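Chemist: Below you'll find the sequence and an experimental structure to go with it.
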Protein chains: 4
Amino acid sequence: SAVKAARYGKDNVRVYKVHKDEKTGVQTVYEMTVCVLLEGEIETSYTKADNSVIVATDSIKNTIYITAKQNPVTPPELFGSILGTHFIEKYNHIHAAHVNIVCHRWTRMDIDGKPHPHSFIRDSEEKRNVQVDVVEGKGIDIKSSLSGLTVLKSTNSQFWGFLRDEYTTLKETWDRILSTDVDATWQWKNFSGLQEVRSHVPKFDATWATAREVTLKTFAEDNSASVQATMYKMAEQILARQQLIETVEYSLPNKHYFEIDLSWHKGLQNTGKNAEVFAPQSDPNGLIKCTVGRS
Amino acid sequence: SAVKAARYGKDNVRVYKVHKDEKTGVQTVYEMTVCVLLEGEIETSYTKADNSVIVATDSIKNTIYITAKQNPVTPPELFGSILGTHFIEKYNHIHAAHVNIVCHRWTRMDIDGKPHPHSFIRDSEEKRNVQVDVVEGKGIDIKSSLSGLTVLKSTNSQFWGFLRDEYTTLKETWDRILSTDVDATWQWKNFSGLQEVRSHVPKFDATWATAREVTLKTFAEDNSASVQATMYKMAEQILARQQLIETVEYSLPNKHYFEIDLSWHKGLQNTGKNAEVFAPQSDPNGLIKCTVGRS
Amino acid sequence: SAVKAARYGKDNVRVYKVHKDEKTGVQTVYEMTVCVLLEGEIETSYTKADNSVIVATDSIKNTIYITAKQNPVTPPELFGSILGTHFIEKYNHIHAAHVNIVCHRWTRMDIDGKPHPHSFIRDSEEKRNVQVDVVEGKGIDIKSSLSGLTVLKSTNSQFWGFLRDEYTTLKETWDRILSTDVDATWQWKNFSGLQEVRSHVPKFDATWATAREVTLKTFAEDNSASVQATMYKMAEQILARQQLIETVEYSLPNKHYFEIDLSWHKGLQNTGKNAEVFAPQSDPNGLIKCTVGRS
Amino acid sequence: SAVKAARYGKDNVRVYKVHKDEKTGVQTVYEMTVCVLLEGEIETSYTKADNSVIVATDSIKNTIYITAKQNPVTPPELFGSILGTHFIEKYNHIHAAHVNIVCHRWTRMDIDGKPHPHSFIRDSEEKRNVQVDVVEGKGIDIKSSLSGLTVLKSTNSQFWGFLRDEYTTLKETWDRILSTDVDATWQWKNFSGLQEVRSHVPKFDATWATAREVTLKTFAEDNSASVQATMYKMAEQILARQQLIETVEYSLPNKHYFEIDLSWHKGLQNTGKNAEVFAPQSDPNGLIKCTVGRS
Ligand SMILES: O=c1[nH]c(=O)c2nn[nH]c2[nH]1
Ligand SMILES: O=c1[nH]c(=O)c2nn[nH]c2[nH]1
Ligand SMILES: O=c1[nH]c(=O)c2nn[nH]c2[nH]1
Ligand SMILES: O=c1[nH]c(=O)c2nn[nH]c2[nH]1
Ligand SMILES: [Ar]
Ligand SMILES: [Ar]
Ligand SMILES: [Ar]
Ligand SMILES: [Ar]
Ligand SMILES: [Ar]
Ligand SMILES: [Ar]
Ligand SMILES: [Ar]
Ligand SMILES: [Ar]
Ligand code: NA
Ligand code: NA
Ligand code: NA
Ligand code: NA
């Protein structure tokens, strides 16, 4: 037998950093969870109990904290690129660093209509994420995402004209609830290395803001024919607004809200145009996925 | 042996209601999880397999949907009181209804600076809750709460002058991070029945808003001597602002953010005044509780 | 305003202890999560920012590890009593210690039919718990429990003869699935102090074993008229088997498994006697509670 | 813009099936969660709002229940193969069916040392899983796994001789705790279709039992040089025992148990040979991955 693939490192590394403006007294906080997994000439750690080739996961943890101390942690695409570049440059026998970052929301509080200098609220479980693959000889592959963006619209969703056969019970509808948890990923053009990433730094926050704005406006404004048709329009618009993105991927649950027939009770009318009270379904759920790229 | 206490019913009943203004086309959505547990002359269902005294949990579920269809679901204090009153009035042998409601946030989207008529975002897992105990002959006991309000301040928290003995390692600090998940409960004056609850309906949204605004402002502005001292200021302000509340309870985790000594690495200075990078601690956590009443 | 009630301390303290028999080389492991909340003359920490009365939660954490080092961690009733007694005895102004322990399962592996000296498996998220309230002048109040015991029987459950009115849709059944997550608590006679707890130490493991064995056997053998009737039989048997218990409490969800009518598809028969395929329901769930004492 | 990739279907489909032996009265239960995602000529559902190409996710849900009614649900490799084959055969324009199954443990209860005919316990959150990719023209690709197998050994784990540089603080150890959640996957030789899967049916349960037995014995018996070296020996042994497997993948967290230095307290000795009480770490964790194949 032989090692066909191996990666190892530290997962679930919680990191906080504060920036303090001494003149203005304004503080800014960043919180993330970091995973770094390394590849390279490490097969003998598995086959021959040779630990000499292991950079200890505990050392990888220390390096994440040291990197946060000595570099900007924003945007996460940059921090991930710096972190991954460190491991392949520092260690000759390490050839790849896979960096996953989840960013947690700390939104500045407004108190009496004025932004507070050092108080923050977690205003959603929505995350901004990166996957940064730094591969020696092959540059830096970045996937940026937002996830856990939970939305609902109470009308202007439809689902009719789907295939009907002996497996089909679902009634066509011209007015239903649509609710999802938005998982949207944009894949960047391959970067040659850390210098190229640094040259595009302003595009990271700008493309995240674009992806979020397009997601929310399209969801709110689309008279939706299907999750499929709505998510495609989001992906189209994002591609049109950032030439350095090669693909946009959506993964969207259809979080079903079922009508409740109450006509068995005193002829209560709670379906179609009279539908007021619904049963949100925890499971099952539709799961709809698309990767959109350029002609 | 004998039944000293019994209650039974349906838990985790997910409910959605929509209001449609056909005039303005503005829709408003409400989503909640409901628990109803009944007490009364039900001992014989346990002792003698006498099901005649059981209002089926399935029927309690149906009753929750029917009540939502025929009544306002807001404020939850009112909806809980109506639901509880229904069971003790409908069924001679049912003497108490315990109604627990978790209200889920559906905040109207702003699209291009304008509130959207029928699109909503879950802005955080913060909940508004009620516990409504409807007890035949003894009226209606309401506890209102907000929970899962997650906040952090980067400075203006201190902890010094605490007891020091052979069990103490904690360093006194004059400048630390304070972060918590706010659980705040206000206990209402006993209400004689549904009529008295109805007569105070506007005070429920008002007092929730007050509790939340006092919580956020006190957290942001208090140069905190301790979790204990800060939470007491929140409770005393809420009591002073609503005479119909008897007590305010706070349950606050101290979600620790530890300094990381990096001086072992190239003399890096990341402690005291130089503290930038911290390790958020998942566990353990301080847990600090107070019930405040009128002196 | 004034403090009506206060308690504070450390929650989510994860503890592991190993016992090593150097003679046999057999090792035994114990893993628990501990919460300690103190009450006493602490009002001034809330009202006057007087930290002198605070035993730091960090110090309570240290005390938990020190107590584990210097005492048996089993049975948890004993460990809880020692820990609670420590705080009210060590500190003149501390008058109550509330100790909550969750015991995690580490079951010794059998390898090739022989128990392994130092390898363990988590055989299920079932927990053994204690709540130990040590109150100066009022002794030691212990509640013992098992929780997260998940069971299902495929037949020999019934539910018929329940109240039927205009809110009822549920069909009577003479043959259904019954599945639950067993939460069972036994309340001990008040103990005068740690000496009285020590004097009953063997009864703690014995009564836990009895409660679990009665639960499993009654569930498997009762041709169940209802959750109510079955849970009462468990409680009365446990009371009859341990005179030092005053009450037995059960809290049991009814985790519904719905029949699926497939007759719309090729006349497929999957209801009543033909029921093979079911839809397990995540929510809602029946919730059935009983406290049983001596008549 | 254009669709580069698309799949859609129903996720989180909870399924129960009972087998009843009428002669012996013995019942056997199977519980799973099923996900089916379809690919094919569906791009126009995204680009042109053409629902005519959609087999409704609700219809996919119905088909999962119907398939369970008309076929064996065990082994899951067979059920997944039948389910996936159905969708590509039934619908001309559907070219791939991706079937993910999680199997939940329902272990027969022993009552008074005799297996009960119809009572079951969830004896762990351990899962047995399959991923079945049925691709028209390209056959059936099966990955089988066990996951959530939580184990600990209190000694006979070591970690020394790893790389030491200016990032390294971790002390070499010749005796530590090792605990993990085992995620082990075996990848089958490509199958030409459902007939070939049916011809290997007995190998599925046998290879799962082998993978589990090898995992537990190797973990218990290996005097471990590293997670890397131990997981490699597991993968080797499994490959040696089933020629129809091409690869074995392990993904193993290192769930750290930290020594607690108590020497600051009355010279208490709780490190190295005196280490009895440990702090289990929730995060971070080592994450170690290997895919092992044949020379
Ligand atoms: O938007 C939808 N897409 C689907 O594919 C689907 N299937 N059922 N309902 C659905 N809704
Ligand atoms: O055992 C049961 N008890 C109940 O009270 C009930 N109500 N619906 N179904 C039920 N099953
Ligand atoms: O605010 C705090 N209160 C406490 O009681 C405490 N104990 N340790 N740290 C603490 N911080
Ligand atoms: O088994 C281990 N493997 C590793 O790679 C490692 N790193 N720190 N500790 C470790 N333990
Ligand atoms: Ar950070
Ligand atoms: Ar959508
Ligand atoms: Ar609602
Ligand atoms: Ar606070
Ligand atoms: Ar322990
Ligand atoms: Ar039961
Ligand atoms: Ar099943
Ligand atoms: Ar291992
Ligand atoms: Na390198
Ligand atoms: Na009544
Ligand atoms: Na005392
Ligand atoms: Na096909």
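Modeler: Everything's here; your move. Numbers count the residues shown, from 1 in each chain, chains lettered A, B, ... in the order given. Ligands and ions are numbered 1, 2, ... in the order given.

Chemist: all strands for the stretch 151-295 of chain A, in order.
Modeler: Listed in chain order, the strands of the stretch 151-295 of chain A (DSSP state E, counting those that start in this stretch) span A:178-188, A:245-254, A:257-259, A:277-280, A:285-293.

Chemist: Likewise for the stretch 1-150 of chain A?
Modeler: A:2-20, A:27-40, A:94-104, A:107-111, A:114-121, A:127-135, A:139-153.

Chemist: just to revisit the earlier point, any chance of the strands of the stretch 151-295 of chain A in JSON lines, plus distance to residue C:153 and mean neighbour count?
Modeler: In this view, the C-beta of every residue, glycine as well, is placed from N, C-alpha and C. Below are those laid out as JSON lines (distance: least, Cβ to Cβ, whole Å; neighbours: other Cβ atoms under 10 Å in any protein chain shown):
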{"stretch": "strand A:178-188", "distance to residue C:153": "36", "mean neighbour count": "22"}
{"stretch": "strand A:245-254", "distance to residue C:153": "33", "mean neighbour count": "22"}
{"stretch": "strand A:257-259", "distance to residue C:153": "29", "mean neighbour count": "18"}
{"stretch": "strand A:277-280", "distance to residue C:153": "28", "mean neighbour count": "21"}
{"stretch": "strand A:285-293", "distance to residue C:153": "29", "mean neighbour count": "22"}
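
Chemist: Relative to chain C, which of the strands of the stretch 1-150 of chain A is closest?
Modeler: When the strands of the stretch 1-150 of chain A are compared by Cβ to the nearest Cβ, strand A:2-20 sits nearest chain C, at 14.8 Å.

Chemist: Give me the sheet partners of that closest one and which way each runs.
Modeler: Strand A:2-20 has the following strand partners under DSSP bridges: strand A:27-40 (antiparallel), strand B:277-280 (antiparallel), strand D:285-293 (antiparallel).

Chemist: For residue A:161, the count of nearby residues, please.
Modeler: 16 (other Cβ atoms under 10 Å in any protein chain shown).

Chemist: residues in contact with the spatially closest residue to it that is not a sequence neighbour?
Modeler: Nearest non-adjacent residue to residue A:161, counting by Cβ to Cβ, 6 or more residues apart in numbering or on different chains: residue D:51, 4.2 Å away. Going by Cβ atoms under 8 Å, 6 or more residues apart in numbering or on different chains, residue D:51 touches A:159, A:160, A:161, A:162, A:225, A:226, D:45.

Chemist: Now the buried members of these.
Modeler: Burial by neighbour count, 16 or more other Cβ atoms under 10 Å in any protein chain shown: within the contacts of residue D:51 this picks out A:159, A:161, A:162, A:225, A:226, D:45.

Chemist: can the residues you listed go into JSON lines with extra columns for distance to ligand 9?
Modeler: As requested, those are exported to JSON lines (distance: Cβ to the nearest ligand atom, whole Å):
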{"residue": "A:159", "distance to ligand 9": "54"}
{"residue": "A:161", "distance to ligand 9": "61"}
{"residue": "A:162", "distance to ligand 9": "56"}
{"residue": "A:225", "distance to ligand 9": "58"}
{"residue": "A:226", "distance to ligand 9": "54"}
{"residue": "D:45", "distance to ligand 9": "56"}
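
Chemist: Residue A:153 and residue B:118 touch, don't they?
Modeler: Yes: in terms of Cβ atoms under 8 Å, residue A:153 counts as a neighbour of residue B:118; the distance is 5.5 Å.

Chemist: Would you mind telling me which of the two has the busier surroundings?
Modeler: The residue with more neighbours, out of residue A:153 and residue B:118, is residue A:153; 25 against 21, by other Cβ under 10 Å.

Chemist: The closest residue to ligand 12 within the stretch 1-150 of chain A - how many residues pack around it?
Modeler: Ligand 12 sits closest to residue A:46 of the stretch 1-150 of chain A, with a gap of 11.2 Å, by Cβ to the nearest ligand atom. Per other Cβ under 10 Å, the neighbour tally for residue A:46 reads 27.

Chemist: just residue A:81 next, same as before
Modeler: Each residue near residue A:81 was counted by other Cβ under 10 Å, and the total is 28.

Chemist: Contact partners for it?
Modeler: Counting by Cβ under 8 Å, 6+ apart, residue A:81 has contacts A:99, A:132, A:134, A:140, A:142, A:191, A:194, A:197, A:198.

Chemist: Ok, residue A:233 next?
Modeler: Counting by Cβ under 8 Å, 6+ apart, residue A:233 has contacts A:218, A:222.

Chemist: Between residue A:153 and residue B:118, which contacts overlap?
Modeler: Common neighbours of residue A:153 and residue B:118, counting by Cβ under 8 Å, 6+ apart, are absent.

Chemist: What separation is there between whatever residue of the stretch 151-295 of chain A ends up closest to ligand 6 and chain D?
Modeler: Using Cβ to the nearest ligand atom, the closest approach of the stretch 151-295 of chain A to ligand 6 is made by residue A:230 at 3.8 Å. Relative to chain D, residue A:230 is positioned 9 Å away (Cβ to the nearest Cβ, to the nearest Å).

Chemist: before we move on, what about residue A:155?
Modeler: Distance from residue A:155 to chain D, counting by Cβ to the nearest Cβ: 18 Å.

Chemist: Nearest spatial neighbour of that residue, chain-adjacent residues omitted?
Modeler: Residue A:155's closest residue in space is residue B:118 (Cβ to Cβ, 6+ apart), at 5.0 Å.

Chemist: neighbours of the nearest residue to residue A:280 once chain neighbours are set aside, just the number please.
Modeler: Of all residues not flanking residue A:280 in the chain, residue B:14 sits nearest, at 4.2 Å (Cβ to Cβ, 6+ apart). Number of residues near residue B:14 (other Cβ under 10 Å) recorded here: 20.

Chemist: May I have the beta-bridge partners of residue B:14?
Modeler: On the basis of DSSP bridges, residue B:14 is bridged to residue B:33.

Chemist: For it, give me its contacts.
Modeler: Contacts of residue B:14 by Cβ under 8 Å, 6+ apart are A:279, A:280, A:281, A:282, B:31, B:32, B:33, C:283, C:284.

Chemist: what's the closest non-adjacent residue to the first one?
Modeler: Translated: residue A:279. Spatial nearest neighbour of residue A:279, chain neighbours left out: residue A:258 (4.7 Å); criterion: Cβ to Cβ, 6+ apart.

Chemist: Where does the stretch 1-150 of chain A get nearest to ligand 14, residue-wise?
Modeler: In the stretch 1-150 of chain A, the residue that lies nearest ligand 14 is residue A:150 (39.9 Å; Cβ to the ion).

Chemist: Report the contact partners of that residue.
Modeler: A:124, A:125, A:126, A:179, A:180, A:181, A:182, B:121, B:122 are the contacts of residue A:150 under Cβ under 8 Å, 6+ apart.

Chemist: mind checking how far it is from residue A:165?
Modeler: Note on residue A:150: its distance to residue A:165, by Cβ to Cβ, to the nearest Å, is 34 Å.

Chemist: any idea which of the buried ones among the contacts of residue D:51 is the one closest to residue A:274?
Modeler: Residue A:274 lies nearest to residue A:159 out of these, by Cβ to Cβ, at 19.6 Å.
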